[PDB]
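A quick write-up on the structure given underneath.
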Number of protein chains: 4
Amino acid sequence: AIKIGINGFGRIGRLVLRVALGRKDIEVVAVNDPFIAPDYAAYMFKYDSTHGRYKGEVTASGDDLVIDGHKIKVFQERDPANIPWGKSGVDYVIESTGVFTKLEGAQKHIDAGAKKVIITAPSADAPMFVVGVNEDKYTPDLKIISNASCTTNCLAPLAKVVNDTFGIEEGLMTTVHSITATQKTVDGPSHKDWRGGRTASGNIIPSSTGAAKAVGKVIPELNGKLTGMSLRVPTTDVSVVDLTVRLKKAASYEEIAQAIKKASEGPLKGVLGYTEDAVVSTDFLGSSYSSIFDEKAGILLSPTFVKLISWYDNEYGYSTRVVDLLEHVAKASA
Amino acid sequence: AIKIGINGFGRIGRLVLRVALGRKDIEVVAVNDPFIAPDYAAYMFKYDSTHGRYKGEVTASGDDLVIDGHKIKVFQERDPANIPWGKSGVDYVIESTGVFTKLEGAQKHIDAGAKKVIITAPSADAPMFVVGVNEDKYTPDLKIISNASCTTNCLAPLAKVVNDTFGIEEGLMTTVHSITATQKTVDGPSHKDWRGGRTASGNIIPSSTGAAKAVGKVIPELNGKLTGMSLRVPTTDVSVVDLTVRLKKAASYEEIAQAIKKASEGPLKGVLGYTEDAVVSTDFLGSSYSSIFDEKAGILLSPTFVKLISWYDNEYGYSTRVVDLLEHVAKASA
Amino acid sequence: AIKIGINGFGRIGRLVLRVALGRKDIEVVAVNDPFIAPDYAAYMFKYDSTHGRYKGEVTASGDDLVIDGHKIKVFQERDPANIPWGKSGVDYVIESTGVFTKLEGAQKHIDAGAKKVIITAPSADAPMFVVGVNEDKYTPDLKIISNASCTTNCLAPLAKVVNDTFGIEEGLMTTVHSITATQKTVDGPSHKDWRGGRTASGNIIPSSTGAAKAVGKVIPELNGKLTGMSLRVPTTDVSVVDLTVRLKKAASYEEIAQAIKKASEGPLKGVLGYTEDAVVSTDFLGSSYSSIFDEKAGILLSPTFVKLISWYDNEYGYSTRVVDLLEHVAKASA
Amino acid sequence: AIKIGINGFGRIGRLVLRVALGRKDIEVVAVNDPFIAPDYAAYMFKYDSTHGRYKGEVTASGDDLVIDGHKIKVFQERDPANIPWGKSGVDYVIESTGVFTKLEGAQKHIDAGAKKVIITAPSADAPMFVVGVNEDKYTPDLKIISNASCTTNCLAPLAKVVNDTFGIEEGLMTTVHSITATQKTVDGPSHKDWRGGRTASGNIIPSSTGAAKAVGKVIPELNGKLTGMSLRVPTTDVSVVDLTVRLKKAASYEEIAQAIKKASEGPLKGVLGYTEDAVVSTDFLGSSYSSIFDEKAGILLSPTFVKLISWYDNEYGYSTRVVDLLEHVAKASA
Ligand SMILES: NC(=O)c1ccc[n+]([C@@H]2O[C@H](COP(=O)([O-])OP(=O)(O)OC[C@H]3O[C@@H](n4cnc5c(N)ncnc54)[C@H](O)[C@@H]3O)[C@@H](O)[C@H]2O)c1
Ligand SMILES: NC(=O)c1ccc[n+]([C@@H]2O[C@H](COP(=O)([O-])OP(=O)(O)OC[C@H]3O[C@@H](n4cnc5c(N)ncnc54)[C@H](O)[C@@H]3O)[C@@H](O)[C@H]2O)c1
Ligand SMILES: NC(=O)c1ccc[n+]([C@@H]2O[C@H](COP(=O)([O-])OP(=O)(O)OC[C@H]3O[C@@H](n4cnc5c(N)ncnc54)[C@H](O)[C@@H]3O)[C@@H](O)[C@H]2O)c1
Ligand SMILES: NC(=O)c1ccc[n+]([C@@H]2O[C@H](COP(=O)([O-])OP(=O)(O)OC[C@H]3O[C@@H](n4cnc5c(N)ncnc54)[C@H](O)[C@@H]3O)[C@@H](O)[C@H]2O)c1
């Protein structure tokens, strides 16, 4: 029994719960969010503007969120050191607040009695993992780890296949990315990111991202070879990586597509998907892939210079990978 | 001769400044916003997703926002008691934070050296005014007043005409309303208003509003005769009042429309507008009216039961009224 | 078996197919759409921006659309008289083009060998039915019938309960309505509906509707007692009825809600739904109800004057009713 | 006087009229659109969801569109051969229907009595020009020409500066592009572009474009050195070029920015703009530039491998260029 708690009952926290409730080996013991009371947590979990109503019975009773008859404790602590993880029997904490992304903050959960923490974001200092790429490098002494970003989980599996087969010499990427909770409904204050304060649903908004650099951390051979940027656009979920790369070995576009298709059918099955259909972003709502290569959308300019397109449900694909990483950690430590 | 300061440099604060800079007798001395430094204030005023670039020169210099040569001091105080309104020579404070809407909160501005405060919102206890309806009832001894809500400013002039002519027995109102800064880009916490936390750009969102009942405060004879609710929809600005009203006297629709046209040409000129064109919400972006009657959109069922439709730029029409009420207070107080 | 064909493979045509595939008594023999070839029909049926991917295998094979092994003939006839319904063994035609909504056009399906036609829209000509309101008035001599509009299917069950219990004296309705295929992505020509040509996703757009007067056709006692209008807003599916009604018998809001709840649990089960939750439009994506009463959103101004709010998935609830009406017609004619 | 007519009174046709009415030497004699009657033409010209109301008097009288006293004949011919251009004294036709983009189609305007045609789109046939880049290659023996695409007009001035100063070895472009009139409000038939049939306001939609390869026609030294693709996103106007380019000569990003700033201040003034502000797409609504380099948004991977960002109001910048090309052609003609 993988006994877990969730800190930060937001987009990622609530969807990680949806995914986790479908895994036989996982018991979600408790969640913590100081802004969400038990009855409110039942409301937020049951109804979802992006991914539909939860197919199951959702209520609250006292301090319990009750889903299909399973009782989940709801705590409301601003300070993770005050969450009763150990007294509740929680061994793994999903750290999905966006607030405790460094080792020093995430360690508070272990102080509070958990054993291990998975940060659902890039971490400035916790080791980072992408399932399908380097989760095999996880060892049980690592108590606090990061599942990287949603963009890194799209880019890294694709870059892995391309680099393995043809070699990546250099690459620049853009993610055309759905809006998120950090943005504003109308022009408002965002002192740390002026563009990000502008009306989210009315603008294309250039943004920064460390996701391309981060690929060189989970694929050390690509260290320093990739960088990138983001354009936030008025869709509510699903994002797309636009990867422009110089290759070491010359290829045709068909050969590149065939290498990606082969990986998607074998070692990257369930992580890297493949399509030749006339897909659009809504076609990936609820997709569990980290990366779906759009074969028809990309374009080759030279035998060593190509643009590759790959989709990802930044909320739900990533949330699935959180749970996958959790189960790999529990299996590797058993 | 009117020396004002602006607290809360947001949608209303910044657009009130836009309007004020166009008024002879107004000198904007300072603004206060603890989240917006001077250089950031210049950026937020210059560029607007809804109302376009400020046609003028906007820069910052030290602690001054500089607009077409005029220097405006920028304070950053969370507590209005700490704002040097008096030392700066500010006589009037435009209270547009949404946080100090009661006499208790707005009085802090006077304790800080200002003389009078106009709250850009309904107030639980401050006297309320709607230009064109009851601003002549303002008396100079009133130091803290409210300019009501954008919705009240749309409904009250319309209701005043209908009541003055045919009489209003009772009326139920819906405002189909653009999203505002209190809403969320994706499903997030909103513990005082659960529907309002849901994805703003992807939902029709019911919301309570006292704006129809508040008409009874500015039109005492309509006390208890109007109420209603709101539906927030994914437009970024401009809203519409849908007033279903029972009349005391039998009328034809042509008769109602003529009465409204007469009012808009005479005593409510510039406040109540009138159109017979095939208008949609974007046609009122930047409109200075409080209320624009849409003659072709309404429908009569019986001679005493009719549905009336009136548009309003909830940001800019209201902001213009804020400045209009300020100039009336100053004049009445001379 | 109920052997059917679908004319017009659009939003309604394709969602009617989705519903019908879940009904054991129905065999979908064929579809016709001159603008959609077989492989394109497979794509349009498989991928849906609003209702997700079809959960099942969708391919095309020569002239057949193939869904979970069941083959469906695809015709491409502009003129319904040329569709080989009789030769194909089709007895019922779902007429969902929007082009053939009168008896004269719909009869061409019967000339072509079908037995009966259900028009998925109001008809100037053909008798109209709303399941849960008057489908037991269907008699087998009626060969061509209309399932009314999506708004009429939301308003009529609600009006039936309120009129049955308290009596409706008069009522005025607004539907705040999602955009549809007749609208335009940017300001474009719509010479019969000038407002309807303006940018659909950027505007609140007033529109005329006969849906409230049509209630008086399916509930004859309400003939002449209801009318209304529409406001199109930038959501892509789900709409809401805003009914302002004068009652004959006085009541509390709670008594009104209780009458609707009882109907929803009894004679209008599956047609009229009932909620007290903090719902928004996306919470009814895929709902099979015609009408979901929003208990917390309405408001009462006098014991005989109240505003009632009811939701509907204008695409999917209506499409479910089309199939329900079809099964009622087949059973009534056996 | 440059006497002109406009064929296709759409987004480009109407905005070309707005621009042309501000040029002293141009007389707009007539417009043609079989779907827009004279009074409807006045409505569509007067009200604009994207660019506001026309600041001027707009009426219709008989068969004339009347703008600030100037009468413009309104024709309604589906076949341009039937437009009485000659009898009306029109010398230059702006061909903005999207339907007559080849020499054979546009020639009908000359058979009907016009002298020269400017197609407001790429042509498979007609020589293409981009103002600021190659309009000095226009010669008056050319009777039918193309102003290329809005994306080519953004990319070409940028590529010219970069190629002139550092040399372009090769480049791959993505345009993140606002929706246009060819898209659909909900999933509908688009048999030649399946992705383009999907819900425009709810999807990121990949699309082909020859815009980058077309730069090689107006800058022949760049033939075969650029290509790219498009992602349509739910904004109603303004688009952005994302150019990933390999340089021949090593550069710092600062030298690149400085070269573009210099060109924007001299030989490309009014065509190529330059900004270092925290801009988003709405900040370029109504901009007359072909291309606005976003200095802060771009990123450098190596001294010869860089990503450059440039904005454009695809409707209004391009419409202004159509009028600029017209005046250049007329100066060289007659
Ligand atoms: N949304 C995405 O697409 C996405 C994808 C991958 C990763 N992430 C990352 O996951 C994290 C969460 O993202 P989100 O999109 O779910 O954000 P969110 O804002 O939806 O959720 C954050 C939650 O944290 C809660 N919270 C805030 N302070 C807290 C505290 N002190 N203790 C406990 N709970 C607290 C909030 O109430 C909220 O419910 C962020 O690091 C983000 O970068 C987001
Ligand atoms: N359409 C409208 O937006 C509209 C119309 C009429 C009235 N109003 C009302 O006007 C008020 C402001 O609304 P808004 O839409 O401009 O909101 P907003 O969020 O755009 O602006 C509020 C501003 O107040 C600032 N602020 C927050 N706390 C502060 C403090 N302690 N001291 C000083 N400044 C502070 C914020 O930083 C922000 O800039 C609200 O009461 C609102 O109900 C809004
Ligand atoms: N969308 C809704 O919410 C809704 C709800 C209730 C009723 N309706 C009604 O249903 C009908 C269709 O609506 P929709 O929204 O599905 O529209 P749609 O445009 O999505 O579908 C109409 C289909 O008819 C096809 N078609 C056109 N001409 C044809 C012909 N001559 N023969 C066969 N097929 C043809 C089109 O190619 C298209 O696929 C309309 O009458 C509409 O008013 C729509
Ligand atoms: N951003 C842009 O919208 C943009 C930018 C650059 C170029 N263009 C190009 O300009 C052209 C028009 O684009 P638009 O966006 O203005 O399209 P639009 O659909 O807004 O306008 C096209 C107009 O042509 C009219 N029309 C159709 N058939 C006709 C005929 N036979 N005779 C006369 N008029 C006819 C239509 O009624 C419509 O008003 C296209 O070639 C397009 O690719 C568009």
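Chain labels run A, B, ... following the order of the structure tokens; each chain numbers its residues from 1, and ligands are numbered from 1 in the order shown.
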Environment of ligand 4 within 9 Å, counting only C-alpha atoms and all ligand atoms, reported as a VMD selection string: (chain C and resid 186 to 189) or (chain D and resid 6 to 15 31 to 36 75 to 80 95 to 101 119 to 122 147 to 151 177 to 182 237 to 239 313 to 319)
C-alpha RMSD, in-order pairing, chain B superimposed onto chain A: 0.2 Å
Distance filter 10 Å, only C-alpha atoms, chain A against chain C, as a ChimeraX atom specification: /A:43,46-53,202,277-286
Every residue of segment 157-198 of chain A that DSSP places in strand (DSSP E), as an MDAnalysis selection string: chainID A and resid 168:177
